[PDB]
Amino acid sequence: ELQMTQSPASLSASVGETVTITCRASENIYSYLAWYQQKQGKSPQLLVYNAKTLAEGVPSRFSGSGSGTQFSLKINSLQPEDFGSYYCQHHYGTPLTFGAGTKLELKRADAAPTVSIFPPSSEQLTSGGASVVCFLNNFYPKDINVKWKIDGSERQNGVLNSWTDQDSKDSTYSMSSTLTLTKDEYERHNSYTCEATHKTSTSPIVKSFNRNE
Amino acid sequence: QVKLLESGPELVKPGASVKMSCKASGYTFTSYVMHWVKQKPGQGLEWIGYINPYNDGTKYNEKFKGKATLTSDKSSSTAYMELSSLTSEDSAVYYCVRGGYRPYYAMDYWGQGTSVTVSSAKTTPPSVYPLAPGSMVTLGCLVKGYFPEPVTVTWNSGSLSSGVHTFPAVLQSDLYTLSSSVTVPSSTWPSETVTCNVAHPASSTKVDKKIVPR
DNA sequence: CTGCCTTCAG
């Protein structure tokens, strides 16, 4: 079966930069490769079909090239609305398959996250629950790791993370990490720690609190 | 002007079926095949199959044979996709996509998408918990245990909008949870109040939670 | 069995 191998999975650029997304095919697919853009929260839109033909409406800064197994989509000098995802898709019989996508994100200066930890509320504890919340806000680039420790022991169970998309104004990312325990479990330990590893410092940002404090 | 209007969002029980629609206008419906594509939240695109409305002929992705049934009605210029024996794995946005004048040409025009959620959960209002600290000050509120999406979170009835991060909901045993953070000057709290306002229209519920110091 | 063809046209 035909498999579309896109790269890079993510590419960081700036407005007025020229970027090239590649798409490779398991076999030769002649000229039969299409490109779609998809912006966060939206339906995809066709950019290019038959490797090089622009679809109606598509600005001429988009161009496609290639043949055989190797294809590319060039965006000559990026504009603000060009950040989003891009997928290739072959139109060489069936089954139709899409590349895994390239997410094109906007370059800024590095920012360390602002890390904040919160103990369970009295309201939650009254109901028999205990969620510990860590916010890691306005960092850049996107790649980050959060580790929880309980009394210096690493903890992976009960943790749920959520990430925002690159912000449109300030170009940062944010993340919440929530460790959910029962009241009983929570009250067996003293120290709760949210530790963030990010490019901007070799040392991780550590936020902690002690229950018995 | 090519337009594909899709039927609205579906909340459906596991084991049930759902049939969604794609009403076509602005071109000759019968002259072009109609494709269907699956996209799970935050993931890529998966081709299901197409129908040729001219002759009712179908072509499927082998994985969806038995799961998806594609039909069309010339009279109403409507394509349909029925999904059967629903599991949570079927929760996704589904698109209809206009295909080619010849079936092997590239698909061009995509519909708005139909969101399908497969769950046995019952309508449940959120529990809302204040997140107060244990120079800028960060506060939050934890919105836990609601179904279905969405909830809307504001702070001080919308008066506080900068420095807010409201995060995508995630599932905890078939109910949703989300948090929202707000960061404000230390001069403004606890001196002045900060309240998160959570609306859950599905349960006609509003929650107003004041953040107080511990 | 379920073919062939790649953009304004069976």
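Rules and cut-offs
Residues numbered from 1 in each chain as written, not as in the entry; some residues may be left out. Chains lettered and ligands numbered in written order. Heavy atoms only, no water. Residues with missing side-chain atoms left out of burial classes, pairs and counts. Pairing = 2+ DSSP bridges. Helix = DSSP H or I, 4+ residues; strand = E, 2+ residues; numbered from the N terminus. Axes fitted to C-alpha atoms, helices over the stretch in contact; angles between N-to-C directions. Contact = heavy atoms within 4.5 Å. Buried area = accessible area lost by both parts, 1.4 Å probe. Salt bridge = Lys/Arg side-chain N within 4 Å of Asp/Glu carboxyl O. Polar contact = N/O pair within 3.5 Å; in protein donor to acceptor, adjacent residues only side chain to side chain. Nonpolar A, V, L, I, M, F, W, Y, C, P; charged D, E, K, R; others polar. Disulfide = S-S within 2.5 Å. Buried < 20%, exposed > 50% of the residue type's maximum accessible area, 1.4 Å probe, protein only. Near = heavy atom within 4 Å. Patch = residues over 30% accessible without salt bridge, like charges linked within 9 Å, V, L, I, M, F, W, Y side chains within 5 Å. Areas by Shrake-Rupley, 256 points an atom, 1.4 Å probe, with all protein chains shown as cover. Domains from an automatic or database assignment.

For this entry, the PDB record names X-ray crystallography as the structure determination method and reports a resolution of 1.950 Å.

It is worth spelling out the sheet that holds strand β8 (residues 78-83) of chain B at this point. Residue and element names in this part refer to chain B. A sheet is described by the order of its strands in space; here 4 strands give the open sequence β1-β3-β8-β7, paired in antiparallel fashion. At either end of the open sheet lies a strand with only one pairing partner, and these are β1 (3-6) and β7 (68-73). Ignoring which end each strand starts from, the neighbouring axes of this sheet average 20° apart. Inspection of the sheet shows β7 paired to β8 by 6 bridges, in the antiparallel sense. Its bridge partner lying in β8, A68 is registered against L83.

Our focus in this paragraph is the interface of chain B and chain A. With 41 residues of chain B at the interface, the matching set in chain A holds 38 residues. Buried area between chain B and chain A, summed over both chains or domains, comes out near 3100 Å², and the portion from carbon and sulfur atoms is 64%. At the boundary of chain B and chain A, one finds 1 salt bridge. The shortest N-O distance in the salt bridge between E123 of chain A and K209 of chain B comes to 2.5 Å. Here chain B and chain A share 10 residue pairs in polar contact between them. Within the residue set of the side of chain B that touches chain A, elements represented by two or more residues are β4 (34-39), β5 (46-52), β11 (127-131), β12 (136-146), β14 (164-166), β15 (170-172) and β16 (175-185) of chain B. For the side of chain B that touches chain A, the element with the highest residue contribution is β12 of chain B, accounting for 5 residues. When the residues that make up the side of chain B that touches chain A are grouped by side-chain class, the tally is 20 nonpolar, 15 polar and 6 charged.

Let us look at the state of the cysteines. Residue and element names in this part refer to chain A. With the rule as written, the count across this model stands at 4 disulfides over all chains. Put simply, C23 and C88 are joined by a disulfide, and their sulfur atoms are 2.1 Å apart. The sign of the 70° torsion about the S-S bond sets the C23-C88 disulfide as right-handed. Pair noted here: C23 is in strand β3 (residues 19-25) and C88 is in strand β9 (residues 84-90), with a separation of 65 residues, a long-range link. Like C23, the residue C88 is buried in the burial classification.

As a matter of local geometry, DNA strand C sits amid 13 residues, with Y49 and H91 of chain A together with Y104, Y105 and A106 of chain B nearest to it. Looking at DNA strand C alone, sugar and phosphate atoms form 28% of those within 4 Å of the protein. For DNA strand C, a base nitrogen lies 2.8 Å from a polar atom in the backbone of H91 of chain A. At 3.4 Å from a sugar or linking oxygen of DNA strand C is found a side-chain nitrogen or oxygen belonging to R102 of chain B. In terms of residue class, the surface near DNA strand C is built from 8 nonpolar, 3 polar and 2 charged.

Together, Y101, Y104 and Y105 of chain B make up a nonpolar patch on the protein surface, roughly 370 Å² of accessible area in all. By the element assignment, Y101 of chain B lies in the loop between β9 (92-98) and β10 (114-118).

Bringing the domain arrangement of chain A into the picture now. Residues and elements named next belong to chain A. Taken domain by domain, chain A consists of domain 1 (1-108) and domain 2 (109-213). Between the C-alpha centres of domain 1 and domain 2 there is a distance of 36 Å. Residue assignment for the side of domain 1 that touches domain 2 shows that the elements contributing at least two residues are β2 (10-13) and β10 (102-106). A breakdown of the residues in the side of domain 1 that touches domain 2 according to their chemical character gives 1 nonpolar, 3 polar and 3 charged.

Residue and element names in this part refer to chain B. Each assigned domain of chain B is listed with its residue range as follows: domain 1 (1-120) and domain 2 (121-213). Between domain 1 and domain 2, the contact holds 5 residues from the first and 6 residues from the second. Of the residues contributing to the side of domain 1 that touches domain 2, the split by class is 1 nonpolar, 3 polar and 1 charged.

Residues and elements named next belong to chain B. Of all the 11 residues making up β16, 8 are buried; the element is thus mostly covered by neighbouring parts of the structure. With 10 bridges joining them, β12 and β16 adopt antiparallel strand pairing. Bridge assignment links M136 to a residue of β16, and that residue is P185. Here 3 bridges tie β14 to β16, and the two strands are oriented antiparallel to one another. Across the sheet, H165 pairs through a bridge with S181, a residue of β16. By the bridge criterion, 3 bridges tie β15 to β16 in an arrangement that is antiparallel. Across the sheet, the residue bridging to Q172 is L175, located in β16. Where β15 folds back onto β16 in an antiparallel hairpin, the turn is made up of 2 residues, including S173, whose phi is positive at roughly 30°.

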